Visitor: 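Right, I'll just put the structure down here and ask away after.
We count ligands from 1, going down the list as the structure has it; atoms in each ligand are counted the same way. Numbering of residues begins at 1 and proceeds along the displayed sequence.
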Amino acid sequence: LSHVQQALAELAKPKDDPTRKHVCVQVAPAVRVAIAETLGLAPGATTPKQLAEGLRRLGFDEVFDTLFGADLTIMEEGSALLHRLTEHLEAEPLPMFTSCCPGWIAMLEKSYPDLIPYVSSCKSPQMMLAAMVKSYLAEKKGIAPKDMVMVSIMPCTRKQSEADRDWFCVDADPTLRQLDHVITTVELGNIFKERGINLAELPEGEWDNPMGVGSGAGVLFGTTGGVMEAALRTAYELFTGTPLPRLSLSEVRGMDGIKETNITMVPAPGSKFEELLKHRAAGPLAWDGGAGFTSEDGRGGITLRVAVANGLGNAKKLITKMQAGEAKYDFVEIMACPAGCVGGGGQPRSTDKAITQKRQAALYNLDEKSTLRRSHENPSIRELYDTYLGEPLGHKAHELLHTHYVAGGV
Ligand code: SF4
Ligand SMILES: [Cl-]
């Protein structure tokens, strides 16, 4: 039985059935914008809450926004970056690579195992949310993890292999998956139509909060610009005490699918970061000790060099020049898909050459695009850490939200 068939089997069970399980679903933003195309409509032609209603009509007991998991990734990865930056100032290496794309993680383990220490140990947004629901939420609702089923709807054909990583399980039992089944945008679209469900004709439903209390998806109003940018912002604003605006990446000449930006950071006055810049300034990626600037009275500062690679072919050319020292970066994100997740392998096929641009544009409302969201300000995220996880990068956070990598692959 395919994973789609297994999830549908769990849903086919009446809710009052003695063997019925608590079936949960989480949905990626890339899915929500592209799902309307399965009806022959434009991207974004169906609202988020219409999809929520549709999923609830399939029989899901919980409907979650993957963005909640993304806030956890931003928290952990932002802290991780700040940590590595900190220990490199006072003399887990640099540059740091992000790790949300399983296509990158796969290529990392098979072709570049010597780069493993440089990669963030953060789990993906979907896996963090999954680990959370079968731990915190299970305990809150008095449900055994074995009686909870976690489904994700993804734009990606690789998110199942990510989920199937052996140790992504509960209490060292690899049969108790943190995330059981992954369904693609087109597969979900096919399920709706085969049941006569038209999303565009549905009323607005509502999301569930992974914290098990309150209303909404447990995510505040506004946008972050994605995990990488928000992780950067997290580190930046703690380091400088000043807000980081939305990033504008510029294309690197001579390199396809590579974008970059330079971010200058002056430590906040009186901070530990100001002490470290002052009191001390004298592998496969040996890293030049950083890009720093200073001046007359000692306005000491460091320049964070960031790169983004789409996709895997273009990424190899970047790594080559990095090892050659021709490309110098501190923070690198590698996505397997040329257009990123909005153009993932699980997305509808279109004749429109600009379909990925339409998807991106329709991702959020002009209202939401104008408002900056910060993960550490999310009351649900604050509560989860204060009352359950402890500190980011800590013991509990490492066990539930972090992972490891295997040289040679799995
Ligand atoms: S870039 Fe492609 S392969 Fe990587 S996470 Fe996004 S959809 Fe999946
Ligand atoms: Cl994810």
Visitor: Should the pair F239 and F273 be assigned to parallel (<30°), tilted (30 to 60°) or perpendicular (>60°) ring geometry?
Guide: tilted
Visitor: Restricting to pairs with a member in residues 20-41, which pass side-chain hydrogen bond (donor to acceptor under 3.5 Å, both in side chains), not counting sequence neighbours?
Guide: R20-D61, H22-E62, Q26-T66, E37-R359
Visitor: Are more than 12 heavy atoms from other residues, nucleotides or ligands located less than 6.0 Å from atom NZ of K369?
Guide: yes
Visitor: By side-chain contact (heavy atoms from CB on, under 4.5 Å), which residues pair with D173, not counting sequence neighbours?
Guide: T175, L176
Visitor: Among the protein atoms near atom 6 (Fe) of ligand 1, how many are N, O or S and lie under 2.8 Å away?
Guide: 1
Visitor: According to the side-chain hydrogen bond (donor to acceptor under 3.5 Å, both in side chains) rule, which pairs have a member within residues 99-121, sequence neighbours left out?
Guide: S99-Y405, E109-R165, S121-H402
Visitor: Do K134 and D180 meet the salt-bridge criterion of a basic N to acidic O distance under 4.0 Å?
Guide: yes
